[PDB]
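Colleague: To start, I am sharing the structure in question, which I have written as structure tokens.
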Amino acid sequence: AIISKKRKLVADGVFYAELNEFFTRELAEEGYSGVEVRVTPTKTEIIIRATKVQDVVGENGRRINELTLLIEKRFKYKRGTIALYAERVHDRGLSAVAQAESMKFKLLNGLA
Amino acid sequence: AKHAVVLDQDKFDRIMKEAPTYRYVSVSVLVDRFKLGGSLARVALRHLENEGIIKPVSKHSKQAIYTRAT
Amino acid sequence: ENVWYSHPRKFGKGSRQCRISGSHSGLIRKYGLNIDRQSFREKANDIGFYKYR
Amino acid sequence: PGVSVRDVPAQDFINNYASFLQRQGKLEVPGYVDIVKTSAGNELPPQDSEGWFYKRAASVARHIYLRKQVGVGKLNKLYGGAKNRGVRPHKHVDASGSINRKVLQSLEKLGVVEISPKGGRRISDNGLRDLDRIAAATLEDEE
Amino acid sequence: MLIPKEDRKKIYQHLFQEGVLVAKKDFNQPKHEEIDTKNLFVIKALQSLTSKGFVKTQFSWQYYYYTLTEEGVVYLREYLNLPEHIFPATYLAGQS
Amino acid sequence: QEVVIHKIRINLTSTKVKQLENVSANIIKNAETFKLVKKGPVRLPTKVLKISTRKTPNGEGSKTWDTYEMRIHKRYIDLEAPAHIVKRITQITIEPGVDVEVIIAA
Amino acid sequence: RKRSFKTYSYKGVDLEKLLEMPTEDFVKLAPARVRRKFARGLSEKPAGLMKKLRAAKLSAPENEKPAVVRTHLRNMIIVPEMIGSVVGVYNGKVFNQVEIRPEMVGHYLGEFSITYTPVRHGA
Amino acid sequence: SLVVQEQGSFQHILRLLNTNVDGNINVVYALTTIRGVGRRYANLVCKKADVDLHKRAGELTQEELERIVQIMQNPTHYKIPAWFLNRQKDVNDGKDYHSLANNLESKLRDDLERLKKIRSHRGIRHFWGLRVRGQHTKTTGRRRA
RNA sequence: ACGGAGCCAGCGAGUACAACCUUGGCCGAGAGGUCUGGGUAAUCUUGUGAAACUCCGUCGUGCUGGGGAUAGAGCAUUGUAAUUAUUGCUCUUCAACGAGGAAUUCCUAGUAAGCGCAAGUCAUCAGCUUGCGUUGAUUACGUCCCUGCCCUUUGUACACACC
Ligand SMILES: [Mg+2]
Ligand SMILES: [Mg+2]
Ligand SMILES: [Mg+2]
Ligand SMILES: [Mg+2]
């Protein structure tokens, strides 16, 4: 950075696709669905949609503040420019991935 | 080889006598009279446009057609 | 700890690893992906790459 | 009326320019004449051999007239072509590097070519005069 | 595992400031980012931790991810010293 | 008091078109309210990124291919306007996804 | 009698100079392949082997052969410093014995060993 | 340019360098017929003679042939850059040289011997009568010498 | 075919923590060096003035200047390392092959066929490949003759289903 426009946007898409697959593996218990990464000047809003939102947040900055620092150490960033917001899903049934991880758990746990 | 490549003064004279009053004149049609080879005919075509005698129709490289001066 | 544990692997197949699996076979380096085409093929829609024509 | 360079076709122009150069004989010699390939793919050197280079520099002159600022490589690339590379298929490679440079260096001393800014070479005052006269001379031969 | 113990103490210390660690899956690497040790030795150390309680481990995209649990925070305090009201990433520094 | 025009170029490059075109419409509408001399939303050629790939993992069966490609929409909104009015138009008119960016140096 | 047959050699003159011309003149007096190698960084190519070749010549019985200097580095070229000494060119299996002569001047060690056993049935 | 006037018939072959210079045709391509000369070398030689390449040159002057032959023998004396040659860089520390006739085929057979003496990966493959320059004959060319 | 001369594309792709594309100038027959730039790219490379083409000449239907394989030697370049030629270039070697039997592939329009470019893999290698543009026909515009498939009726001691 500065890099070419065509290489930055592919590295952004990668970055997102790395993050996406991390939060699939890391937030399995929380019932994660998908990320919505906004990149404005200074701050970047990494919004994460999940079912159990209280579990993603933890106890007022605990799991999200672990993960923000992890993202900084992966991709060289500083504190302040990255900011996590864990929101609820507008109707969980409509989202496929939420149901996928529910079906994942129901099988893992023990059910017909 | 099929011969008809050798250059001589006797062959030089026959070409000049075989020049005037000839409809088709080209590299092929000279060689069709068992004459001097392709280029030697092509050179012989070049001499026949020195001072008239045979006048041109086409001008192309290999497609070089000429006709007698009417 | 031992001295000679490294051939000069600046270039070629052995140097260029992928981001995901760690593979030296069918490696997309175009647009600096550094991804084995099979993981790319999985996540292509995530990385912005869509099938149009 | 108004006389111009383009009205004469490029084939007859370069021949008239070549003869014009042979009349002076002050275009200069490079030092590799007929000990030279011309294009890096070309099994046989120039067939005309003696002369030849006068047709070459005439060609570079008229190309530099038509274009804004032509250098060496762009001439090489233009004048290059197809390698009979073997049982493999053909490829494009740029023509001999130096010869085109010796064409340009010689044209600079005569006063055909002038050095241009940014990158390459353009046309002189006295270069444009000979171009137009040679154009006028070939038009008289057609008429 | 055969670690010069000074290098191990630096890794623990560096772990406790962050409360987090982003190690590569890159053995034969001469030195780690931030810490002045080989990457392999950091991974051996974070392998040694994961086994005896602690330390929540992932292995995605050639990057290991290690967060310290409640019992992980207790044992790192025991190794180093620092008694109470300290860094990690369990709570914020001030306002951020 | 200042009125010092630095000549600022705005860079809009993105995948999504209907966002980008709406973003580009929003900046020119702000320029119309603030009433500035500006060149309109210039539209540069779309750099299409073509990753050719065989569909298979194994390299067996028929030899099928997928052109996994990426659309890119490179745009420009050149301003003949001061530094302070650019600081305003950077603060507002920010949408998600589209890469807003400023050159600032003529 | 004066000249023994003809000079066993690289490009011109006789042997007497070959044996005392170290590397630098021998590089200048060679094909492009050897010059390019010397132009690039030399580290561990002439380090351990040449000392053994020099130690082999010093500790020899005189008239008879020196000790066989076994070589992984078959990529080395025959410089004239160690003509006469036998060398074991490594083919994966067997340090295969090659005799360095005054005619093997500026050729690789590898090209005098052959890894595969050549083909039979019909030549 | 000019058709052959005057009696003509000045010898069809024409021997040169213990080899057959073909009558009529051309100097360049009569030179190619000689064992050791090619098209680009022979065109280089014709420049030094100052004979027209358009002419057939089986009706050559004898002094012109003696120039040509001397140009074949001596590269360095005449204006030949000396890496336009058949052989270059050979024996101990000295000079480049080449041949173009019976002298060259003998020189090739001497260099083939030199290869056989050194027993190189090239020279070993010449003994077999096989494929020197690492070319695969798994499929291609099932007849051979 | 070989010389010159004319000389018109499109897809592309390309480095700042590296070593990318690399014009312009000098050296070198080349390959390729070197200084210097411009370019993180409708900006510079790049009109990528690519090839086949078009013009004027050389040879004329001879294993010929067609055809380039095999070879020898050198001169370059990549890389730590090139012999089991990495590739390029130089000169030399001039082999087979005068349109290919039985067979069978692909194809209905900017297509086929020709031509080259291009990225992909890549430090270095293009006969490869996914794209691209140039030149641009022939011949249907049908049929079930073959091949395959599909239904439908029929038969079936089959249902792991004609292995
Ligand atoms: Mg050809
Ligand atoms: Mg461009
Ligand atoms: Mg031949
Ligand atoms: Mg089928």
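Residues are referred to by chain and number: the chain letter is A, B, ... according to the order shown in the structure tokens, the number counts from 1 in that chain, and ligands are numbered separately from 1 in the order shown.
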Using DSSP on the backbone coordinates, identify all residues within chain B classified as strand (DSSP E or B); present the result as a ChimeraX atom specification.
Modeller: /B:8,25,54-56,66-68
Colleague: For those residues, write C-alpha atoms to a file as a PDB file, in the first residue's frame.
Modeller:
```pdb
ATOM      1  CA  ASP B   8      24.276 -19.601 -75.514  1.00  0.00           C
ATOM      2  CA  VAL B  25       4.135 -13.369 -73.581  1.00  0.00           C
ATOM      3  CA  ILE B  54       6.609  -6.283 -76.835  1.00  0.00           C
ATOM      4  CA  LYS B  55       4.318  -4.052 -74.712  1.00  0.00           C
ATOM      5  CA  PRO B  56       2.955  -4.857 -71.226  1.00  0.00           C
ATOM      6  CA  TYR B  66       2.972  -8.915 -72.171  1.00  0.00           C
ATOM      7  CA  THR B  67       1.667  -8.614 -75.772  1.00  0.00           C
ATOM      8  CA  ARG B  68       3.163  -7.560 -79.152  1.00  0.00           C
TER       9      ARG B  68
END
```
Colleague: Using DSSP secondary structure from the backbone, list all alpha helix (DSSP H) positions within chain B, as a list in words.
Modeller: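 These are the residues in question: residues 9, 10, 11, 12, 13, 14, 15, 16, 17, 27, 28, 29, 30, 31, 38, 39, 40, 41, 42, 43, 44, 45, 46 and 47 of chain B.
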Colleague: Selected residues, N, CA and C atoms, written as a PDB file, in the first residue's frame, please.
Modeller:
```pdb
ATOM      1  N   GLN B   9      24.799 -18.127 -77.372  1.00  0.00           N
ATOM      2  CA  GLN B   9      24.556 -17.127 -78.428  1.00  0.00           C
ATOM      3  C   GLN B   9      23.575 -17.647 -79.482  1.00  0.00           C
ATOM      4  N   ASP B  10      23.654 -18.941 -79.792  1.00  0.00           N
ATOM      5  CA  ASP B  10      22.688 -19.584 -80.692  1.00  0.00           C
ATOM      6  C   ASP B  10      21.274 -19.551 -80.107  1.00  0.00           C
ATOM      7  N   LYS B  11      21.171 -19.755 -78.794  1.00  0.00           N
ATOM      8  CA  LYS B  11      19.891 -19.672 -78.082  1.00  0.00           C
ATOM      9  C   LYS B  11      19.421 -18.218 -77.920  1.00  0.00           C
ATOM     10  N   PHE B  12      20.369 -17.292 -77.744  1.00  0.00           N
ATOM     11  CA  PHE B  12      20.087 -15.843 -77.730  1.00  0.00           C
ATOM     12  C   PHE B  12      19.390 -15.379 -79.013  1.00  0.00           C
ATOM     13  N   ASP B  13      19.898 -15.831 -80.159  1.00  0.00           N
ATOM     14  CA  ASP B  13      19.364 -15.436 -81.470  1.00  0.00           C
ATOM     15  C   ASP B  13      17.962 -15.988 -81.728  1.00  0.00           C
ATOM     16  N   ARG B  14      17.730 -17.242 -81.341  1.00  0.00           N
ATOM     17  CA  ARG B  14      16.411 -17.873 -81.483  1.00  0.00           C
ATOM     18  C   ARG B  14      15.320 -17.178 -80.666  1.00  0.00           C
ATOM     19  N   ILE B  15      15.681 -16.663 -79.490  1.00  0.00           N
ATOM     20  CA  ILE B  15      14.742 -15.927 -78.628  1.00  0.00           C
ATOM     21  C   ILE B  15      14.291 -14.615 -79.285  1.00  0.00           C
ATOM     22  N   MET B  16      15.228 -13.898 -79.905  1.00  0.00           N
ATOM     23  CA  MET B  16      14.914 -12.643 -80.602  1.00  0.00           C
ATOM     24  C   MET B  16      14.077 -12.863 -81.867  1.00  0.00           C
ATOM     25  N   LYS B  17      14.355 -13.943 -82.598  1.00  0.00           N
ATOM     26  CA  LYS B  17      13.539 -14.336 -83.760  1.00  0.00           C
ATOM     27  C   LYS B  17      12.152 -14.854 -83.361  1.00  0.00           C
ATOM     28  N   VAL B  27       6.434 -15.584 -68.389  1.00  0.00           N
ATOM     29  CA  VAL B  27       7.508 -16.464 -67.905  1.00  0.00           C
ATOM     30  C   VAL B  27       7.186 -17.931 -68.202  1.00  0.00           C
ATOM     31  N   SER B  28       5.930 -18.309 -67.970  1.00  0.00           N
ATOM     32  CA  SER B  28       5.426 -19.654 -68.282  1.00  0.00           C
ATOM     33  C   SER B  28       5.525 -20.005 -69.768  1.00  0.00           C
ATOM     34  N   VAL B  29       5.018 -19.115 -70.618  1.00  0.00           N
ATOM     35  CA  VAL B  29       4.791 -19.445 -72.031  1.00  0.00           C
ATOM     36  C   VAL B  29       6.107 -19.479 -72.816  1.00  0.00           C
ATOM     37  N   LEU B  30       7.124 -18.754 -72.345  1.00  0.00           N
ATOM     38  CA  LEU B  30       8.487 -18.920 -72.859  1.00  0.00           C
ATOM     39  C   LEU B  30       9.039 -20.292 -72.483  1.00  0.00           C
ATOM     40  N   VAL B  31       8.917 -20.655 -71.208  1.00  0.00           N
ATOM     41  CA  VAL B  31       9.372 -21.966 -70.713  1.00  0.00           C
ATOM     42  C   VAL B  31       8.607 -23.130 -71.379  1.00  0.00           C
ATOM     43  N   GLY B  38      13.095 -20.385 -66.053  1.00  0.00           N
ATOM     44  CA  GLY B  38      12.226 -19.351 -65.474  1.00  0.00           C
ATOM     45  C   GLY B  38      12.741 -17.923 -65.417  1.00  0.00           C
ATOM     46  N   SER B  39      13.881 -17.720 -64.756  1.00  0.00           N
ATOM     47  CA  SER B  39      14.467 -16.381 -64.608  1.00  0.00           C
ATOM     48  C   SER B  39      15.162 -15.903 -65.872  1.00  0.00           C
ATOM     49  N   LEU B  40      15.837 -16.821 -66.562  1.00  0.00           N
ATOM     50  CA  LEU B  40      16.481 -16.518 -67.844  1.00  0.00           C
ATOM     51  C   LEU B  40      15.443 -16.105 -68.895  1.00  0.00           C
ATOM     52  N   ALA B  41      14.261 -16.717 -68.828  1.00  0.00           N
ATOM     53  CA  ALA B  41      13.089 -16.250 -69.572  1.00  0.00           C
ATOM     54  C   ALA B  41      12.607 -14.898 -69.034  1.00  0.00           C
ATOM     55  N   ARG B  42      12.523 -14.772 -67.707  1.00  0.00           N
ATOM     56  CA  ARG B  42      12.132 -13.511 -67.045  1.00  0.00           C
ATOM     57  C   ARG B  42      13.040 -12.331 -67.400  1.00  0.00           C
ATOM     58  N   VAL B  43      14.341 -12.597 -67.500  1.00  0.00           N
ATOM     59  CA  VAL B  43      15.306 -11.610 -67.977  1.00  0.00           C
ATOM     60  C   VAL B  43      15.053 -11.330 -69.459  1.00  0.00           C
ATOM     61  N   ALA B  44      14.833 -12.383 -70.248  1.00  0.00           N
ATOM     62  CA  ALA B  44      14.491 -12.238 -71.674  1.00  0.00           C
ATOM     63  C   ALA B  44      13.204 -11.432 -71.911  1.00  0.00           C
ATOM     64  N   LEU B  45      12.243 -11.536 -70.991  1.00  0.00           N
ATOM     65  CA  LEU B  45      11.046 -10.679 -70.996  1.00  0.00           C
ATOM     66  C   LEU B  45      11.380  -9.211 -70.715  1.00  0.00           C
ATOM     67  N   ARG B  46      12.356  -8.985 -69.838  1.00  0.00           N
ATOM     68  CA  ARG B  46      12.819  -7.636 -69.490  1.00  0.00           C
ATOM     69  C   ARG B  46      13.499  -6.905 -70.661  1.00  0.00           C
ATOM     70  N   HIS B  47      14.275  -7.632 -71.470  1.00  0.00           N
ATOM     71  CA  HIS B  47      14.895  -7.070 -72.691  1.00  0.00           C
ATOM     72  C   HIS B  47      13.875  -6.723 -73.772  1.00  0.00           C
TER      73      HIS B  47
END
```
Colleague: Kindly compile the residues surrounding ligand 1 within 12 Å, counting only C-alpha atoms (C1' of nucleotides) and all ligand atoms, and format them as a list in words.
Modeller: residues 41, 42, 43, 82, 83, 84, 85, 86, 87, 88, 89, 90 and 91 of chain D; 1, 2, 52, 66, 67 and 68 of chain I
Colleague: Could you check the closest approach to residue H:129 for each of I:61, I:70, I:135, I:23 and tell me which residue wins, using only C-alpha atoms (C1' of nucleotides)?
Modeller: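 Checking each candidate against residue H:129, we get I:70 as the closest.
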Colleague: Mind listing the residues within 12 Å of ligand 2, only C-alpha atoms (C1' of nucleotides) and all ligand atoms counted, as a PDB file with N, CA, C and O atoms (P, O5', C5', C4', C3', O3' and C1' of nucleotides), in the first residue's frame?
Modeller:
```pdb
ATOM      1  N   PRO F  45     -12.302   2.806 -18.610  1.00  0.00           N
ATOM      2  CA  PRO F  45     -12.503   1.402 -18.981  1.00  0.00           C
ATOM      3  C   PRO F  45     -12.459   0.405 -17.822  1.00  0.00           C
ATOM      4  O   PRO F  45     -11.620   0.525 -16.927  1.00  0.00           O
TER       5      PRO F  45
ATOM      6  P     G I  10      -6.647  -1.950 -31.377  1.00  0.00           P
ATOM      7  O5'   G I  10      -7.431  -3.035 -30.512  1.00  0.00           O
ATOM      8  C5'   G I  10      -8.679  -3.607 -30.960  1.00  0.00           C
ATOM      9  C4'   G I  10      -8.787  -5.061 -30.547  1.00  0.00           C
ATOM     10  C3'   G I  10      -8.542  -5.359 -29.076  1.00  0.00           C
ATOM     11  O3'   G I  10      -9.743  -5.112 -28.350  1.00  0.00           O
ATOM     12  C1'   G I  10      -7.261  -6.843 -30.390  1.00  0.00           C
ATOM     13  P     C I  11      -9.717  -4.897 -26.762  1.00  0.00           P
ATOM     14  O5'   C I  11     -10.066  -6.352 -26.216  1.00  0.00           O
ATOM     15  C5'   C I  11      -9.694  -6.764 -24.889  1.00  0.00           C
ATOM     16  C4'   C I  11      -9.233  -8.203 -24.898  1.00  0.00           C
ATOM     17  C3'   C I  11      -8.387  -8.613 -23.706  1.00  0.00           C
ATOM     18  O3'   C I  11      -9.168  -8.873 -22.542  1.00  0.00           O
ATOM     19  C1'   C I  11      -7.335  -9.349 -25.679  1.00  0.00           C
ATOM     20  P     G I  12      -9.391  -7.723 -21.443  1.00  0.00           P
ATOM     21  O5'   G I  12      -8.272  -6.648 -21.812  1.00  0.00           O
ATOM     22  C5'   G I  12      -7.001  -6.605 -21.131  1.00  0.00           C
ATOM     23  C4'   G I  12      -6.224  -7.890 -21.321  1.00  0.00           C
ATOM     24  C3'   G I  12      -5.250  -8.229 -20.211  1.00  0.00           C
ATOM     25  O3'   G I  12      -5.941  -8.780 -19.094  1.00  0.00           O
ATOM     26  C1'   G I  12      -4.186  -8.532 -22.296  1.00  0.00           C
ATOM     27  P     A I  13      -5.291  -8.687 -17.642  1.00  0.00           P
ATOM     28  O5'   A I  13      -3.842  -9.300 -17.878  1.00  0.00           O
ATOM     29  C5'   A I  13      -3.037  -9.760 -16.787  1.00  0.00           C
ATOM     30  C4'   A I  13      -1.584  -9.430 -17.036  1.00  0.00           C
ATOM     31  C3'   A I  13      -0.973  -8.409 -16.091  1.00  0.00           C
ATOM     32  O3'   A I  13      -0.647  -9.099 -14.890  1.00  0.00           O
ATOM     33  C1'   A I  13      -0.327  -7.924 -18.328  1.00  0.00           C
ATOM     34  P     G I  14      -0.632  -8.330 -13.493  1.00  0.00           P
ATOM     35  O5'   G I  14       0.678  -7.433 -13.612  1.00  0.00           O
ATOM     36  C5'   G I  14       1.982  -8.036 -13.752  1.00  0.00           C
ATOM     37  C4'   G I  14       3.004  -7.006 -14.181  1.00  0.00           C
ATOM     38  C3'   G I  14       3.201  -5.837 -13.232  1.00  0.00           C
ATOM     39  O3'   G I  14       4.080  -6.214 -12.170  1.00  0.00           O
ATOM     40  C1'   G I  14       3.131  -5.074 -15.493  1.00  0.00           C
ATOM     41  P     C I  21       9.656  -8.417 -16.363  1.00  0.00           P
ATOM     42  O5'   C I  21       8.825  -7.255 -17.070  1.00  0.00           O
ATOM     43  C5'   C I  21       7.567  -7.533 -17.714  1.00  0.00           C
ATOM     44  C4'   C I  21       6.910  -6.257 -18.186  1.00  0.00           C
ATOM     45  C3'   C I  21       7.624  -5.502 -19.293  1.00  0.00           C
ATOM     46  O3'   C I  21       7.389  -6.114 -20.559  1.00  0.00           O
ATOM     47  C1'   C I  21       6.838  -3.978 -17.653  1.00  0.00           C
ATOM     48  P     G I  39       5.982   8.660 -13.593  1.00  0.00           P
ATOM     49  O5'   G I  39       5.229   7.262 -13.720  1.00  0.00           O
ATOM     50  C5'   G I  39       3.926   7.192 -14.327  1.00  0.00           C
ATOM     51  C4'   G I  39       3.596   5.777 -14.739  1.00  0.00           C
ATOM     52  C3'   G I  39       3.355   4.782 -13.619  1.00  0.00           C
ATOM     53  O3'   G I  39       2.090   4.997 -12.999  1.00  0.00           O
ATOM     54  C1'   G I  39       4.698   3.775 -15.264  1.00  0.00           C
ATOM     55  P     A I  41      -3.017   2.282 -10.406  1.00  0.00           P
ATOM     56  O5'   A I  41      -2.557   2.707 -11.870  1.00  0.00           O
ATOM     57  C5'   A I  41      -3.515   3.193 -12.830  1.00  0.00           C
ATOM     58  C4'   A I  41      -2.884   3.309 -14.197  1.00  0.00           C
ATOM     59  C3'   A I  41      -3.436   2.374 -15.273  1.00  0.00           C
ATOM     60  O3'   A I  41      -4.424   3.006 -16.079  1.00  0.00           O
ATOM     61  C1'   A I  41      -1.101   2.048 -15.045  1.00  0.00           C
ATOM     62  P     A I  42      -5.901   3.236 -15.511  1.00  0.00           P
ATOM     63  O5'   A I  42      -6.782   3.291 -16.835  1.00  0.00           O
ATOM     64  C5'   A I  42      -6.585   4.348 -17.786  1.00  0.00           C
ATOM     65  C4'   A I  42      -6.454   3.785 -19.179  1.00  0.00           C
ATOM     66  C3'   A I  42      -5.467   4.519 -20.094  1.00  0.00           C
ATOM     67  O3'   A I  42      -4.618   3.635 -20.824  1.00  0.00           O
ATOM     68  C1'   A I  42      -7.597   4.418 -21.115  1.00  0.00           C
ATOM     69  P     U I  43      -3.120   3.363 -20.329  1.00  0.00           P
ATOM     70  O5'   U I  43      -2.528   4.828 -20.107  1.00  0.00           O
ATOM     71  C5'   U I  43      -2.383   5.740 -21.220  1.00  0.00           C
ATOM     72  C4'   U I  43      -1.908   7.109 -20.776  1.00  0.00           C
ATOM     73  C3'   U I  43      -0.415   7.240 -20.462  1.00  0.00           C
ATOM     74  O3'   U I  43       0.208   8.210 -21.297  1.00  0.00           O
ATOM     75  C1'   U I  43      -1.727   8.336 -18.819  1.00  0.00           C
ATOM     76  P     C I  44       1.020   7.742 -22.595  1.00  0.00           P
ATOM     77  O5'   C I  44       2.273   6.973 -21.977  1.00  0.00           O
ATOM     78  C5'   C I  44       3.236   7.654 -21.142  1.00  0.00           C
ATOM     79  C4'   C I  44       4.401   6.749 -20.786  1.00  0.00           C
ATOM     80  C3'   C I  44       4.574   5.477 -21.607  1.00  0.00           C
ATOM     81  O3'   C I  44       5.333   5.725 -22.786  1.00  0.00           O
ATOM     82  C1'   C I  44       4.570   4.911 -19.325  1.00  0.00           C
ATOM     83  P     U I  45       5.072   4.865 -24.109  1.00  0.00           P
ATOM     84  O5'   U I  45       5.490   3.391 -23.667  1.00  0.00           O
ATOM     85  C5'   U I  45       6.867   3.070 -23.387  1.00  0.00           C
ATOM     86  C4'   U I  45       7.022   1.647 -22.897  1.00  0.00           C
ATOM     87  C3'   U I  45       6.499   0.553 -23.809  1.00  0.00           C
ATOM     88  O3'   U I  45       7.407   0.306 -24.880  1.00  0.00           O
ATOM     89  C1'   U I  45       5.836   0.095 -21.592  1.00  0.00           C
ATOM     90  P     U I  46       6.873   0.017 -26.371  1.00  0.00           P
ATOM     91  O5'   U I  46       5.564   0.920 -26.482  1.00  0.00           O
ATOM     92  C5'   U I  46       5.104   1.420 -27.754  1.00  0.00           C
ATOM     93  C4'   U I  46       3.605   1.603 -27.749  1.00  0.00           C
ATOM     94  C3'   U I  46       3.068   2.677 -26.811  1.00  0.00           C
ATOM     95  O3'   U I  46       1.936   3.326 -27.377  1.00  0.00           O
ATOM     96  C1'   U I  46       2.126   0.593 -26.231  1.00  0.00           C
ATOM     97  P     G I  47       2.109   4.655 -28.246  1.00  0.00           P
ATOM     98  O5'   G I  47       0.889   4.570 -29.267  1.00  0.00           O
ATOM     99  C5'   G I  47      -0.460   4.330 -28.812  1.00  0.00           C
ATOM    100  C4'   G I  47      -1.206   3.473 -29.809  1.00  0.00           C
ATOM    101  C3'   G I  47      -0.755   2.013 -29.906  1.00  0.00           C
ATOM    102  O3'   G I  47      -1.844   1.083 -29.816  1.00  0.00           O
ATOM    103  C1'   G I  47      -0.618   3.084 -32.046  1.00  0.00           C
ATOM    104  P     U I  48      -2.212   0.363 -28.409  1.00  0.00           P
ATOM    105  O5'   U I  48      -0.888  -0.442 -28.041  1.00  0.00           O
ATOM    106  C5'   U I  48      -0.528  -1.648 -28.740  1.00  0.00           C
ATOM    107  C4'   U I  48       0.977  -1.768 -28.806  1.00  0.00           C
ATOM    108  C3'   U I  48       1.538  -2.659 -29.916  1.00  0.00           C
ATOM    109  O3'   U I  48       2.783  -2.182 -30.428  1.00  0.00           O
ATOM    110  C1'   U I  48       2.306  -3.435 -27.851  1.00  0.00           C
TER     111        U I  48
END
```
Colleague: For ligand 3, collect every residue having any atom at a distance of at most 8 Å from a ligand atom (counting only C-alpha atoms (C1' of nucleotides) and all ligand atoms); output as number ranges by chain.
Modeller: I: 63-64, 67, 94
Colleague: Please, could you write that set of residues out with N, CA and C atoms (P, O5', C5', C4', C3', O3' and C1' of nucleotides) as a PDB file, in the first residue's frame?
Modeller:
```pdb
ATOM      1  P     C I  63      14.725 -34.454 -57.990  1.00  0.00           P
ATOM      2  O5'   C I  63      14.960 -33.820 -56.548  1.00  0.00           O
ATOM      3  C5'   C I  63      16.025 -34.263 -55.692  1.00  0.00           C
ATOM      4  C4'   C I  63      16.162 -33.315 -54.526  1.00  0.00           C
ATOM      5  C3'   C I  63      17.326 -33.603 -53.589  1.00  0.00           C
ATOM      6  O3'   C I  63      17.920 -32.394 -53.117  1.00  0.00           O
ATOM      7  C1'   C I  63      15.269 -33.926 -52.440  1.00  0.00           C
ATOM      8  P     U I  64      19.217 -31.774 -53.857  1.00  0.00           P
ATOM      9  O5'   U I  64      18.660 -30.433 -54.515  1.00  0.00           O
ATOM     10  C5'   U I  64      18.477 -29.231 -53.740  1.00  0.00           C
ATOM     11  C4'   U I  64      18.354 -28.026 -54.645  1.00  0.00           C
ATOM     12  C3'   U I  64      17.688 -26.804 -54.021  1.00  0.00           C
ATOM     13  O3'   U I  64      18.635 -25.906 -53.450  1.00  0.00           O
ATOM     14  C1'   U I  64      16.532 -27.396 -55.990  1.00  0.00           C
ATOM     15  P     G I  67      11.384 -23.585 -47.226  1.00  0.00           P
ATOM     16  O5'   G I  67      11.601 -25.039 -46.627  1.00  0.00           O
ATOM     17  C5'   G I  67      10.485 -25.870 -46.284  1.00  0.00           C
ATOM     18  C4'   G I  67      10.985 -27.145 -45.660  1.00  0.00           C
ATOM     19  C3'   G I  67      12.060 -27.007 -44.591  1.00  0.00           C
ATOM     20  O3'   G I  67      11.492 -26.705 -43.318  1.00  0.00           O
ATOM     21  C1'   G I  67      12.612 -28.764 -46.100  1.00  0.00           C
ATOM     22  P     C I  94      26.710 -30.900 -46.032  1.00  0.00           P
ATOM     23  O5'   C I  94      25.911 -31.905 -46.978  1.00  0.00           O
ATOM     24  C5'   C I  94      24.574 -31.620 -47.448  1.00  0.00           C
ATOM     25  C4'   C I  94      23.566 -31.850 -46.345  1.00  0.00           C
ATOM     26  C3'   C I  94      22.103 -31.857 -46.768  1.00  0.00           C
ATOM     27  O3'   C I  94      21.716 -33.152 -47.247  1.00  0.00           O
ATOM     28  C1'   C I  94      22.409 -30.575 -44.764  1.00  0.00           C
TER      29        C I  94
END
```
Colleague: Around ligand 4, which protein and nucleic acid residues have at least one atom no more than 12 Å from it, if we count only C-alpha atoms (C1' of nucleotides) and all ligand atoms? List them as a ChimeraX atom specification.
Modeller: /I:147-150
Colleague: If we count only C-alpha atoms, which residues of chain H reach to within 7 Å of chain B? Please list them as a ChimeraX atom specification.
Modeller: /H:1,3-9,24
Colleague: Can I get the selection written as a PDB file, in the first residue's frame, with C-alpha atoms?
Modeller:
```pdb
ATOM      1  CA  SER H   1      20.308  -7.497 -66.848  1.00  0.00           C
ATOM      2  CA  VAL H   3      21.384 -12.116 -71.812  1.00  0.00           C
ATOM      3  CA  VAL H   4      24.484 -14.188 -72.658  1.00  0.00           C
ATOM      4  CA  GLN H   5      25.745 -12.817 -75.975  1.00  0.00           C
ATOM      5  CA  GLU H   6      29.008 -14.084 -77.568  1.00  0.00           C
ATOM      6  CA  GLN H   7      29.824 -17.752 -78.439  1.00  0.00           C
ATOM      7  CA  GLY H   8      29.701 -18.844 -74.777  1.00  0.00           C
ATOM      8  CA  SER H   9      29.871 -22.533 -73.794  1.00  0.00           C
ATOM      9  CA  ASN H  24      25.689 -22.160 -64.942  1.00  0.00           C
TER      10      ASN H  24
END
```
Colleague: Could you please determine the separation between atom CA of residue D:72 and atom CA of residue D:97 in Å, to one decimal place?
Modeller: 7.3 Å
